[PDB]
């Protein structure tokens, strides 16, 4: 671990971005360096870092057999060391597991810690929204979301910064004290 990959991932291959047909270590490396956003489900090809064989996406290299990722999901085309990831069909992406700690809430439409099942306030597709603090997406973020007792969602980082200046939901102004607050599963 820690020999091959980027700042985001420990992986043995590079993705061929079907948009600009460039080779980037991962979708974040691509998105940080391109006008547009990479569609991870559209990725068809990868290149072995070790032997530069460009090939269809798979867990090991067809020529030299280098291990591309300890965890490999052929839907998101994600490669990584073992972080107990699982791919959730309702989220549509890979989550940081383990899968048994989480359930997918249909209404809020993200994976939530088991202790919130039937024990939180649902807001329709609230996960598919921007964080009201930073106004960047919650659902696909690699930062754990925090369910406020009111059911609104904040990035854990944005939530903890907000506590230095206040203690109320940035949208509905309800206090963050109380029942129904907890953690969601991070994007892998």
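Numbering follows the first chain given and starts at 1.
Taking only CA atoms, the mean B-factor in the PDB entry is higher for 30 to 38 than for the other of 45 to 53 and 30 to 38.
Annotation for residue 154: C-alpha temperature factor in the lowest third relative to the rest of the modelled chain, per the entry. Sorting the modelled residues of the chain by their CA temperature factor places residue 180 in the middle third. In the PDB entry, residue 142 places in the middle third of its chain by CA B-factor.
In the PDB entry, a CA B factor belonging to the lowest third of its chain's modelled residues is recorded for residue 83.
Sort the chain's modelled residues by C-alpha temperature factor and residue 105 lands in the lowest third, per the entry.
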